[PDB]
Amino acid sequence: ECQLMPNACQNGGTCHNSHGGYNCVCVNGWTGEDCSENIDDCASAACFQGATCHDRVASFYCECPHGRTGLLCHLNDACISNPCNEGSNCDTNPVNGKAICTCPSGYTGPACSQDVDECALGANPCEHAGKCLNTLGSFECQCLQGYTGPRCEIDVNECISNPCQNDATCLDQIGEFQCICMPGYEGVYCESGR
């Protein structure tokens, strides 16, 4: 039978064991006795205008130049003109070639060229009655005096500069300090003796 040959009619080819000789009926796209040679669909393909064509089984792949995309690379991709802002990944639709922007954090809109107002989301990120300030693609906290850090969470230690004098104890208070003078001293900074 055809059993003696492990492989005859290689690609979707059905062996026929006729008395005169073996025969192969083959799936479309192949040709030859065993149907081992791929019909060139690129000689008749619709890949055009600089596309590198690659033969597939009853199909073809249009390798596209950079300024084009699609099944046939028949349309230009809008991502070549950089419609999306920096930080946004530009992707191309396979059907129409229109650019699809994926915005980074802080930006929105079709072109991702619009700031998000983080101060207009229903919450104040700033502690201690701080004022949310909107920044292009970001936000900031306008802290009160005595509070710093990105969210106004750190009490400034105004006693860090040692403003009190003559071994006075300095009191770290909100936005100011207070000196407590040793015996025999006076003044806001305990600077005047006796």
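In this text, residue numbers run from 1 along the sequence as written.
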{"query": "Stretch with the greater mean C-alpha B-factor as recorded in the entry, comparing 121 to 129 against 61 to 69", "finding": "61 to 69"}
{"query": "Stretch with the higher entry mean CA B-factor, where the candidates are 110 to 118 and 78 to 86", "finding": "78 to 86"}
{"query": "Residue, from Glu37, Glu140, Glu153, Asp167, that the PDB entry assigns the highest Cα B-factor", "finding": "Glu37"}
{"query": "Member of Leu144, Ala46, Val27, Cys159 with the greatest C-alpha B factor (per the PDB record)", "finding": "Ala46"}
{"query": "Third assignment of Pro163 from its chain's C-alpha B-factors", "finding": "middle"}
{"query": "Third of the chain, ranked by Cα B-factor, where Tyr22 sits", "finding": "highest"}
